[PDB]
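Residue numbers begin at 1 in each chain, while the letters A, B, ... track the order of the sequences. Keep in mind that the numbers below use all heavy atoms, side chains included, and drop hydrogens, waters and symmetry copies.
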There are 2 protein chains.
Amino acid sequence: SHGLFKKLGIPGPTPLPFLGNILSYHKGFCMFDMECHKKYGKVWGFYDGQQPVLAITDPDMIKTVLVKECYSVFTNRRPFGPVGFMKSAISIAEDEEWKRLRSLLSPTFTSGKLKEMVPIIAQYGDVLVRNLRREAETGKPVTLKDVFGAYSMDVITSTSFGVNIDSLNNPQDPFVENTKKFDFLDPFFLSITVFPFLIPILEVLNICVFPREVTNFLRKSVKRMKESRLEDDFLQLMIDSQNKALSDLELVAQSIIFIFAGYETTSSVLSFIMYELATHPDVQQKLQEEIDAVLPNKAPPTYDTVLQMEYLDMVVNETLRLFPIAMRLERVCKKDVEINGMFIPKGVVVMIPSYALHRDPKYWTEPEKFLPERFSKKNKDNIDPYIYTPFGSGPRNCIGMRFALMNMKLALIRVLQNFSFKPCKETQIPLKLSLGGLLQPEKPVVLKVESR
Amino acid sequence: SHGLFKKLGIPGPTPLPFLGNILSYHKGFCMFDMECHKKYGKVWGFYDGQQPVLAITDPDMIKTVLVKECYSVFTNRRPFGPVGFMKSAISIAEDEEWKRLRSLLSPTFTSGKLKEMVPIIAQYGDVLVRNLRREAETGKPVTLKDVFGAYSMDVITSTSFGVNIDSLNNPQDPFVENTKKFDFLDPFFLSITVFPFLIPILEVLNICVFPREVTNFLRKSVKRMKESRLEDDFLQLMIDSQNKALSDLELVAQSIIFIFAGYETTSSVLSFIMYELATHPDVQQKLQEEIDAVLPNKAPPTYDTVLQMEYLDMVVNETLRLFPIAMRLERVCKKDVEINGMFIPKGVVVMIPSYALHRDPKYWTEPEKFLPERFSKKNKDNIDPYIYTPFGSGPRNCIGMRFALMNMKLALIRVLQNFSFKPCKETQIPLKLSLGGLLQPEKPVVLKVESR
Ligand code: HEM
Ligand code: HEM
Ligand SMILES: CC(C)(C)OC(=O)N[C@@H](CSC[C@@H](Nc1ccccc1)C(=O)NCc1cccnc1)Cc1c[nH]c2ccccc12
Ligand SMILES: CC(C)(C)OC(=O)N[C@@H](CSC[C@@H](Nc1ccccc1)C(=O)NCc1cccnc1)Cc1c[nH]c2ccccc12
């Protein structure tokens, strides 16, 4: 099984029996992809256990996988388990059941439904400022992921179920616990990659990478909410759709996906931004000046004034370049195909190393340096959309891209209208990324906060 | 494998392929043991999957297993897994490592160390009264397991680490969460009994019936406490012992056992008592009168005045007869032996059905009726210590029996000095026991509480 890439003429590191190349994940996926990109070039291979993985870095070949041949060949991602009833979640579902779900859930994320969400997402930005001010009037540094997490949590439960909580002042509420509760290099998932034949063992055991309790809490919580608005957010838009149509437990599963999607991602991207803003204080001033020009007297951001801000889009995009939280994009090749002159055998995982491509000196000058001007309208043209892909690409890209950018930008506008963020003695500079299996900081980001 | 009891001449229900007799657990262990005791007699057999289990009800034969041949033959209980680092917990450990631990932990539970604990256990009884009074001055019924659990939780963290919390008013404290977080007939453990060859699968996966997070919280919490009192309760008595000696992670493991031991047990026995007191109001008055005679002016109970109360011991004992939380006692037979004229082959689990023996009409008149006078000093003599065994018997019996009886009695004395407990319209009468795999009520116990 370990002779595949040795046959196809594709180069790669020598796999060990059973382990494959996974000992090379000791420095984390990011550092391993970079070294492979360096040693090997435009295409290489390795083995997650006995699983072949082909990394590709040609943007034409990437467009073929993510777009051109998405429906025919590269339709699903690597099988993930054990998942239990979470098999019906859009990001996990496969082939025609993914296609059905993606459609039933697509109108949820239009710019029209997104503009209805602005006045609601704009209300918890104010709850955020007062929690910062209480820690700004105090003095003690601030841990961003705490305060940003509490905010991102407040946007989720409101934009997805209607529930309204100040989590930072209500850590022991009715749903704030369950909803705060996957390291792909921890003892568990490495044991998967080596023993992926033990996934089916756990699926007959009802054991789940989603704890059987959080899921049990929201499965019944939804069916209370469902039989409450009926008759008298995401949950509403999904229930209206099933009026081939969406099921009840299918509806719970997409809710659970939308929560992790907008909790740790939204709150962890904001912390990469605030770290970079705090360590590049001119970019902070330029941003503060642009907000006050569009929104004078700290005017409330509207859906339209947010898209009006260009230097804010440049800042977000550049932070997503340095910290693309997905790290890699992946598609399971389901047929023997020949894309851009290369034969891909059936069953091979095709992987795009986003992190490595975002930091490639062949496409980016000074790629470690935080330089937002790359995304100025003068230079935004010269950027290859299949090299910089923080939301993936093609029919299977991030369905909540628009919502995530709008959610994070409404947060930043209000927060930078009232605060400046300074490095602390305890602030990790330069921020070390987690040697583990997540795109997260080694030490969490602590910063000083001052009231304008 | 299913031909064993068919060969030995022992009667039993016909086992199905792979499942054995476990479909017969549908009404719970209790009802199944009673029916088997009824249909079959003094000795019978069944199969937990391919595991042979021999039930015995002769008190001479039981004394042989629990006492006479405990060290030689019947030393450990049924293998339990997956357990991870919790293998070193006294109740799980085996043979010489159990013997070493039982010794290193025995002086902890002397009546001398227990008398030092009284003034501390007496302090949270007052915290209990004021939480009841707030729900007694209000009116709304009271769920006993909530308020009793909060109390039992407060005694644990104090008598085992020194930490002091009012959990009922601090549900979101630093340790109250972790510490509040096994149904042997849920989807998981039935899958064990049928696939017990999958336990070793999980032990190479670090997966644990103890969540990897609660254990991680207390493993480090202990090693903070350890290097804090050093230098400047159970944890202290264990640390003094290791001065063949107790280890560090061994010390964490016994702490985790002492917590579940005194949290759900203590708080669930108190609720069986309060249910029975509320549904037999004369027994409540007789008890209230005896406390006021020993402790006039609601005098504070002392270690000695608690043992002075006889009708209180009768009440506890009779409640433990009707609801012996263990349900069964068990020992793995490690040699071919012939005890009381019966050949026991190696590897067979020997089981004593406590619940069924506590309700046997051959030893108890009106065994369902709650009749505390069975344990009056006139009739306490005529009770067979190998028929009524709420704490087991012999070298492997409950190490915290004395502590549990003292802990529960200090609770009852203070609570009955200030409250009467009435049935509510919502009170489940007659209380149905959980059809599941726990000795717990179907519906939780709700009762009215009135201030004396
Ligand atoms: C900064 C925020 C976010 C980033 C950078 C991000 C990034 C990504 C990426 C890279 C993918 C895979 C794309 C591919 O394979 O081509 C993805 C998929 C997905 N995202 Fe996001 N995401 C973010 C937030 C969100 C939010 C707020 C939601 C809310 C619903 C969401 C919902 C989803 C779903 C459902 C998928 C799977 C789509 C499918 O398989 O059909 N994401 N995201
Ligand atoms: C009403 C309260 C309790 C009851 C009815 C009870 C009952 C039992 C029973 C039946 C056993 C098995 C005995 C045997 O196999 O012969 C046992 C064992 C045990 N109990 Fe308790 N228990 C109670 C509370 C506690 C408490 C508060 C502790 C605190 C440390 C504790 C610690 C233990 C330990 C460590 C074992 C295992 C002993 C060994 O395997 O060496 N128990 N209990
Ligand atoms: C297994 C691997 C790495 C080879 O393959 C994956 O990718 N398995 C995905 C696992 S199940 C999809 C789901 N995970 C999740 C995680 C924790 C709790 C609940 C759900 C998901 O979508 N959460 C929202 C999200 C996260 C990040 C960006 N946006 C949206 C993990 C995954 C990471 N980023 C993805 C992007 C699209 C689809 C899946 C993923
Ligand atoms: C597996 C079976 C049923 C065939 O065999 C058992 O019995 N496996 C015992 C499991 S591991 C011992 C440990 N469980 C535990 C449970 C949850 C969290 C943490 C620990 C334990 O001791 N908790 C204290 C206790 C509970 C009840 C009375 N007193 C003390 C389950 C068990 C039930 N009652 C016992 C009495 C003695 C020893 C073990 C048990």
Side-chain angles (χ1 to χ4, degrees), chain B residues 118-155 166-170 262-263 265-302 305-306 308-320 322-323 370 372 404-429 431 441 443-452:
Chain B
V118 156
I120 290 87
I121 301 183
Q123 175 217 332
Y124 295 106
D126 276 278
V127 166
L128 190 59
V129 181
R130 303 196 304 272
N131 277 330
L132 275 186
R133 174 154 290 109
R134 181 178 57 256
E135 315 295 359
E137 288 168 326
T138 299
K140 291 174 65 175
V142 184
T143 68
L144 311 178
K145 62 173 189 177
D146 282 354
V147 296
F148 276 122
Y151 156 79
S152 198
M153 168 127 296
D154 294 352
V155 183
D166 180 21
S167 287
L168 202 95
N169 291 280
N170 297 267
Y263 176 76
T265 87
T266 287
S267 84
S268 300
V269 181
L270 288 159
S271 314
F272 283 130
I273 292 171
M274 297 321 297
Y275 169 81
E276 290 300 324
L277 287 193
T279 61
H280 300 78
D282 54 302
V283 180
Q284 202 171 161
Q285 174 165 349
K286 198 174 177 188
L287 192 40
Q288 281 165 333
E289 292 175 330
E290 162 167 301
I291 298 170
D292 303 335
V294 164
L295 304 168
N297 291 121
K298 307 183 190 187
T302 67
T305 58
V306 173
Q308 187 187 356
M309 308 195 176
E310 308 197 7
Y311 195 73
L312 173 66
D313 187 58
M314 299 167 51
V315 159
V316 175
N317 291 342
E318 171 74 349
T319 306
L320 283 170
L322 284 173
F323 313 101
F370 173 84
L405 301 170
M406 179 62 56
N407 185 34
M408 296 186 290
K409 283 180 181 169
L410 286 170
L412 285 172
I413 293 174
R414 298 296 299 278
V415 136
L416 284 182
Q417 278 190 328
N418 299 280
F419 291 111
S420 289
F421 293 78
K422 304 301 187 93
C424 255
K425 182 185 66 180
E426 295 85 52
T427 299
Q428 186 189 62
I429 315 177
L431 166 144
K443 293 179 179 179
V445 196
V446 286
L447 291 175
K448 187 149 74 173
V449 181
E450 302 185 345
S451 297
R452 284 172 92 193

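Side chains of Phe148(B) and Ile273(B) form no contact here, defined as non-hydrogen atoms less than 4.5 Å apart. The shortest distance between side-chain heavy atoms of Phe323(B) and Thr319(B) falls below 4.5 Å. Side-chain atoms of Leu144(B) and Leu270(B), non-hydrogen and from C-beta on, never get closer than 4.5 Å to each other. With a 4.5 Å cut-off on side-chain heavy atoms, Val449(B) and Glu135(B) do not count as touching. Side-chain contact between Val147(B) and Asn131(B) is absent, with no heavy atoms from C-beta onward closer than 4.5 Å.
The distance from the CG atom of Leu128(B) to the CZ atom of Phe419(B) is 8.0 Å, given to the nearest 0.5 Å. One distance of note links CE of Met153(B) with CG of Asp166(B); it measures 12.5 Å at 0.5 Å rounding. Rounded to the nearest 0.5 angstrom, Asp146(B) CG and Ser267(B) OG are separated by 9.5 Å. Going from atom CD of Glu426(B) over to atom CG of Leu447(B) covers 11.0 Å, rounded to the nearest 0.5 Å. Between the CZ atom of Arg133(B) and the OG atom of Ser451(B) there is a distance of 4.5 Å, given to the nearest 0.5 Å. If you take CG on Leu287(B) and CD1 on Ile413(B), they are separated by 8.5 Å, rounding to the nearest 0.5 Å.
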Return all side-chain donor-acceptor pairs below 3.5 angstrom for residues 308-316 of chain B, not counting sequence neighbours, or 'none' if the list is empty.
unit_1    : atom_1 : unit_2    : atom_2 : d
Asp313(B) : OD1    : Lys409(B) : NZ     : 2.9
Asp313(B) : OD2    : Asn317(B) : ND2    : 3.1

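In this structure a side-chain-to-backbone donor-acceptor pair under 3.5 Å is present from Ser152(B) to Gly262(B).
The two residues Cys424(B) and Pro141(B) come nearest to each other via the heavy atoms SG-CG, 3.4 Å. Annotation for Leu416(B) and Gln288(B): closest pair O-CG, 3.5 Å, computed over non-hydrogen atoms. Contact between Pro301(B) and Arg414(B) at its shortest, heavy atoms only, is CD-CD, 3.3 Å. Contact record, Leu431(B) with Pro441(B): CD1-CB, 3.6 Å, taken as the closest heavy-atom pair.
Of the candidates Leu277(B), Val415(B), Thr427(B), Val445(B), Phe421(B) forms a side-chain contact (heavy atoms from CB on, under 4.5 Å) with just one, namely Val415(B).
Between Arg452(B) and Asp292(B), at least one side-chain N (NZ, or NE/NH1/NH2) sits under 4.0 Å from a carboxylate O, which counts as a salt bridge.
With sequence neighbours excluded, no residue forms a side chain to side chain donor-acceptor pair (under 3.5 Å) with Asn170(B).
Within 6.0 Å of the CD atom in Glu450(B), the count of heavy atoms belonging to other residues, nucleotides or ligands exceeds 12. Within a 6.0 Å sphere centred on CG of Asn297(B), other residues, nucleotides and ligands contribute 12 heavy atoms or fewer. Applying the 6.0 Å contact sphere to NZ of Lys443(B) captures no more than 12 heavy atoms from other residues, nucleotides or ligands.
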Derivation and outcome, side-chain contact (heavy atoms from CB on, under 4.5 Å), residues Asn407(B) and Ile121(B) = CA-CA 7 Å; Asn407(B) 185 34; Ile121(B) 301 183; 3.4 Å; yes

Does the pair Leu168(B) and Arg134(B) meet the rule for a side-chain contact (heavy atoms from CB on, under 4.5 Å), with working shown?
-> CA-CA 11 Å; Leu168(B) 202 95; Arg134(B) 181 178 57 256; 3.5 Å; yes

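Within the structure, ring pair (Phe, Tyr, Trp, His ring centres under 6.0 Å) contacts touching residues 276-296 of chain B (residues at least two apart or in different chains) are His280(B)-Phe370(B).
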